[PDB]
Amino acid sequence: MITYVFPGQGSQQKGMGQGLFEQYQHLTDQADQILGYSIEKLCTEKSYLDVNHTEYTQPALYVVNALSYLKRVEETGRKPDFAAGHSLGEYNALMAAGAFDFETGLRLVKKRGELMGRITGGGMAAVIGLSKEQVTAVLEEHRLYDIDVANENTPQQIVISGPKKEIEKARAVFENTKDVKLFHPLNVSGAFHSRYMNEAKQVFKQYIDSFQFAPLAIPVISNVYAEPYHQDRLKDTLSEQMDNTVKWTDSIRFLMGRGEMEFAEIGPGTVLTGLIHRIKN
């Protein structure tokens, strides 16, 4: 058994998906027309749009993952038994699983990127060394009720999310707690995957409802439940994702429980392979 997993924000990098664009020139052209710019140039030319700006990152990641998948499947002959993606990457898993088509995913992640891109006054930080239980305790003991858990990445990598000044207060807390190895603020200015994504979540819910969704060929493990998408709640499970924890350690657990399980990371970088190794350890 094998699982294809799709990376999210932080895996992009100029040169990503080099040579795959002209191989799927229809998809590239379709992406160009939906986006209003050259998706090949976003991905691979240092002279054009900065791929690190979330509004562009998500379409860049989404297109590169999509195409990397089509190539893998063509090349191995094998379609995966499960699919999962981290935050942005979930949209590649639903799409590979047949929930919607290339175009539909890209429209979705364009609006995702744009809405995420206007979020302001926020901050996220990775805390390494403590459990999600432990992070929760400390947050509260120290009266930081404003910070949410945005990412459960390994059993001891937790990303926190809140107002900018709140992330700064927590620095002092986490860097003076036993078992914390690292506090590393993320290079973002929105409190993603937290209560502060509320209005954006909604605006984005209404957008999701506007599309017709197909049934899944592959089981997709949801970021929100660490469980497979229940086929009747597809839109609801996806719309719940914006302002809820990415439950990634547990989504990788569920897949290990499924049998003798292989993971392959489709898309740029080895970020998820990393998290999978540490979850497996």
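We number the residues from 1 along the sequence you see.
Practice task
Identify the stretch, either 45-53 or 63-71, whose C-alpha atoms have the larger mean B-factor according to the entry.
Solution key: Per the PDB record, 45-53.
Exercise for the section: Compare the mean C-alpha B-factor of 132-140 with that of 83-91 as given in the PDB entry, and name the stretch with the higher value. Expected result: Taking the mean B-factor of the alpha carbons in each, 132-140 is higher.
Problem - C-alpha B-factor winner, where the candidates are 58, 231, 223, 38 - result: The listed residue with the largest C-alpha B-factor is 231.
Practice task
Taking the values exactly as deposited, rank residue 175 by C-alpha B-factor within its chain and report the matching third: lowest, middle or highest.
Solution key: Its C-alpha B-factor, which the entry lists for residue 175, ranks in the lowest third among residues of this chain.
Exercise for the section: Place residue 255 in the lowest, middle or highest third of its chain's C-alpha B-factors, as listed in the PDB entry. Expected result: It falls in the middle third of the chain.
Practice task
Name the third of the chain's ranked CA B-factors that contains residue 13, choosing lowest, middle or highest.
Solution key: Middle third by C-alpha B-factor.
Practice task
Using the B-factor values recorded in the entry, state whether the Cα atom of residue 190 falls in the lowest, middle or highest third among the modelled residues of its chain.
Solution key: Answer is middle: the recorded C-alpha B-factor places it there.
Problem - For residue 242, the third of its chain into which the C-alpha B factor falls - result: Middle third of the chain for residue 242's C-alpha B-factor.
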